[PDB]
Amino acid sequence: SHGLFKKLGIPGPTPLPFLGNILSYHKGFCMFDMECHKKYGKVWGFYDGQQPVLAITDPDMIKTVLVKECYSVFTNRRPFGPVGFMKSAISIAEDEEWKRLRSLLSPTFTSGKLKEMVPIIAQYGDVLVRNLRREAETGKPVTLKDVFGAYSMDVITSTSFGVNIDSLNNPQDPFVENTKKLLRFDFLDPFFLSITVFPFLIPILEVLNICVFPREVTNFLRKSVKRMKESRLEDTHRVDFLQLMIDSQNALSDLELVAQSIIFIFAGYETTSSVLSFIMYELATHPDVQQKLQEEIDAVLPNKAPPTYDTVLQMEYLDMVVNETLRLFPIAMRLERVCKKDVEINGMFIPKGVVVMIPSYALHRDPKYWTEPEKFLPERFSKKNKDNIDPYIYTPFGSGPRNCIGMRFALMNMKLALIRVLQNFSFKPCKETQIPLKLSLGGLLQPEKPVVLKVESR
Ligand code: HEM
Ligand SMILES: CC(C)(C)OC(=O)N[C@H](CSCCC(=O)NCc1cccnc1)Cc1c[nH]c2ccccc12
């Protein structure tokens, strides 16, 4: 097992028995990835316990796996942990099961569908400024994660389900409470450290019904969504996510409906608020850019005009800012696909069962692609420069048919928030503000201490 890469002629850190190369994650595993790049070059291998994982950095080879050969060989991600009824969630499903889920759910974010969500979010656009406005008065610092979290939440519930829960009215909300308690993925947390390293214990916990959210958060939402379904089940309106799954129960199912709902609620809450917090951090430690964006917004939307679908896409510099923030903090860290048969991609033999890994975080910081890769430089994404940029190196949303199904909704939502927040306020560091920011070594791409900034009226 541990002789695969030495035999296949592929370089790597020498694994230990049982552990594999586990102990190298103490640094945080984005750093591990970095080092390996710099040390081993353009392809390397390592072992998550007894699981061989082959990292790849070549743009062609990446394209092959993410795009050309997705259907035939590289179809699924690495088996998650114990997931019980969540095994049917789109992000976790495999093969035939996945293909249908993907085609059935993709019509949720289209040219028209997103368009229909603007006026709805717009209400929470309003409700956010009004939240901040009262802290803007007081003067003592603000945790963005929380204010953004509450926004994110409102926007996901109301769009997917057409259910206003007005979480911005509520630093006392059941939903954000249970939903945030959802993940325990810390690399250096006792739990998952034991699974990829005892992967044969997964089949066990499944029997026990012990989950990565043991019965609590899911029981909540189980009957929670059971609640939303029935109201709609009679009262006629809008054809939405909730609805599109009632359209296909005319070959979908009940626990199956609940599962995608959860995936969405998590994604829409956590991804969105986390990134939005990194963007505000940057705008504060880079005042020039904050002002320059505040100019773009004012010019396109004069007299603090309400943002819209088409005005949003008009904003070049906004987009540059978003893309640049994502270059630095590509929240997935790594893209992964399991090799489901013996294969040869661009000259290299890859054996069945191997996990092929793309280290987004590291490629986003590769000194051999990006001048001053540590520095936050939005201009590197201008129309002049936006085309020297390999879409198989810069991949914050993955690529190919298994890429981020939420991408377009993510961008609009985020931007829709930024616009409204920057046309009413400015943002500046204080002496809680960690300069420069530090990522936690724990498995998530998080700031180790929360992001806290000062908010002034305009
Ligand atoms: C800025 C926020 C976000 C980032 C950076 C992001 C990034 C990603 C990335 C990189 C992948 C995997 C791509 C690949 O492996 O090739 C992904 C998968 C996915 N994302 Fe997004 N995402 C974001 C927001 C969202 C939102 C708001 C939703 C809600 C709809 C969403 C739903 C999904 C689903 C369901 C998958 C698995 C796709 C599949 O297996 O078919 N994500 N996310
Ligand atoms: C645990 C559960 C079922 C609630 O969600 C997951 O599937 N877990 C993964 C890890 S969650 C943190 C990753 C992150 O910061 N956001 C990335 C993301 C999440 C959701 C949608 N779009 C982007 C979440 C996950 C689902 N599919 C993935 C593919 C690659 C990497 C992570 C994920």
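The rules we used
Residues numbered from 1 in each chain as written, not as in the entry; some residues may be left out. Chains lettered and ligands numbered in written order. Heavy atoms only, no water. Core = buried A, V, L, I, M, F, W, Y, C linked by side-chain atoms within 4.5 Å. Buried < 20%, exposed > 50% of the residue type's maximum accessible area, 1.4 Å probe, protein only. Helix = DSSP H or I, 4+ residues; strand = E, 2+ residues; numbered from the N terminus. Contact = heavy atoms within 4.5 Å. Donors = N, O, S within 2.8 Å, 3.2 Å for Na, K, Ca; no water. Tetrahedral: all angles 85-135°; square planar, octahedral: opposite > 155°, others 65-115°. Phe/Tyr/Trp six-rings, centres within 6.5 Å; stacked < 30°, edge-to-face > 60°. Axes fitted to C-alpha atoms, helices over the stretch in contact; angles between N-to-C directions. 1 Å grid on protein atoms, 1.4 Å probe; cavity = no way out; pocket = protein on both sides within 12 Å on 5 of 7 lines; lining within 4 Å. Points joined across faces, edges and corners; volume = space filled by probe spheres on them. Nonpolar A, V, L, I, M, F, W, Y, C, P; charged D, E, K, R; others polar. Near = heavy atom within 4 Å. Polar contact = N/O pair within 3.5 Å; in protein donor to acceptor, adjacent residues only side chain to side chain. Areas by Shrake-Rupley, 256 points an atom, 1.4 Å probe, with all protein chains shown as cover.

Regarding how it was determined, this PDB entry cites X-ray crystallography in its header, along with a resolution of 2.76 Å.

A.B. asks: So what about the nonpolar core? Which residues, and what values?
C.D. replies: Counting residues in hydrophobic clusters, the biggest one holds 148 residues, and the most contacted among them are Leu54, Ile56, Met86, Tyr151, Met280 and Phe427. The element contributing the most residues to this core is helix α13 (residues 254-285), with 16 residues. Ignoring any residue separated from it by four or fewer positions in sequence, one finds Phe427 in contact with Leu144, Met280, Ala284, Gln290, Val421, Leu422, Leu453, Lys454 and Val455.

A.B. asks: Outline the coordination of the iron atom of ligand 1, listing residues and values.
C.D. replies: A lone protein donor binds the iron atom of ligand 1: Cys404 (SG), at 2.2 Å. Here the iron atom of ligand 1 is ringed by six donor atoms whose angles at the metal span 74 to 173°, and the overall shape comes out irregular. Relative to the assigned elements, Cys404 resides in the loop between α17 (360-363) and α18 (407-422).

A.B. asks: Outline the packing of aromatic side chains, supporting the account with residue identities and numerical values.
C.D. replies: Enumeration over the complete set of coordinates arrives at 18 aromatic pairs. Taking 6.1 Å as the distance between ring centres and 75° as the angle between the ring planes, the aromatic pair formed by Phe161 and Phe241 counts as edge-to-face. Accessibility classification places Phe161 together with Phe241 in one group, the buried group. Feature note: the residues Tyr25, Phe29, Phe32, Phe46, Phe80, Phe185, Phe187, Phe191 and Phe192 constitute an aromatic cluster, connected by ring pairs.

A.B. asks: Please set out the environment of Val65 residue by residue, giving values where relevant.
C.D. replies: Position of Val65 relative to the elements: it lies in helix α3 (residues 59-68). When its relative accessible area of 1% is taken as the criterion, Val65 is described as buried.

A.B. asks: Describe in detail the packing of helix α14 (residues 287-300) against helix α16 (residues 316-328), supporting the description with residues and values.
C.D. replies: Where α14 contacts α16, the axes come no closer than 8 Å and their chain directions differ by 145°. Residues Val289, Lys292, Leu293 and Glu296 of α14 lie in contact with α16, whose contacting residues are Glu316, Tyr317, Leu318 and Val321.

A.B. asks: Residues and numbers for empty space enclosed by the protein, please.
C.D. replies: Each pocket or cavity is described by its volume, and for the largest cavity that value is around 70 Å³. Along the walls of the largest cavity sit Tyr281, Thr433, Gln434, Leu437, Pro447, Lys449, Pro450, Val451 and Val452, which together make up its complete lining. Tallied by class, the residues present in the lining of the largest cavity amount to six nonpolar, two polar and one charged. A volume near 40 Å³ is recorded for the second largest cavity. If you trace the second largest cavity, you find it lined by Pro107, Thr108, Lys113, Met117, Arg238, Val239, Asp240, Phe241 and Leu244. A per-class count over the lining of the second largest cavity returns five nonpolar, one polar and three charged.

A.B. asks: Give me the lowdown on the site of ligand 1, citing residues and values where you can.
C.D. replies: Lining the immediate environment of ligand 1, one finds 26 residues, of which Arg77, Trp98, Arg102, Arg337 and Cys404 sit closest. Here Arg77 contributes a side-chain N or O atom positioned 2.5 Å from an oxygen atom of ligand 1. Between ligand 1 and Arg402, the relevant distance is 3.1 Å, taken from an oxygen atom to a side-chain nitrogen or oxygen of the residue. Broken down by secondary-structure element, the contributors of at least two residues to the shell around ligand 1 are α4 (95-105), α13, β4 (335-338) and α18. Top contributing element to the shell around ligand 1 by residue count: α13, with four residues. A breakdown of the residues in the shell around ligand 1 according to their chemical character gives 15 nonpolar, seven polar and four charged.

A.B. asks: Can you lay out the site of ligand 2 for me, pointing to particular residues and giving the numbers?
C.D. replies: The full set of residues close to ligand 2 is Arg77, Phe80, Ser91, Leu182, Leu183, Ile263, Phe266, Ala267, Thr271 and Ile331. The separation between an oxygen atom of ligand 2 and a polar main-chain atom of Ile331 is 3.5 Å. When the free accessible area of ligand 2 is taken as 660 Å², the share hidden by the protein chains comes to 80%. The residue makeup of the shell around ligand 2, split by class, is seven nonpolar, two polar and one charged.

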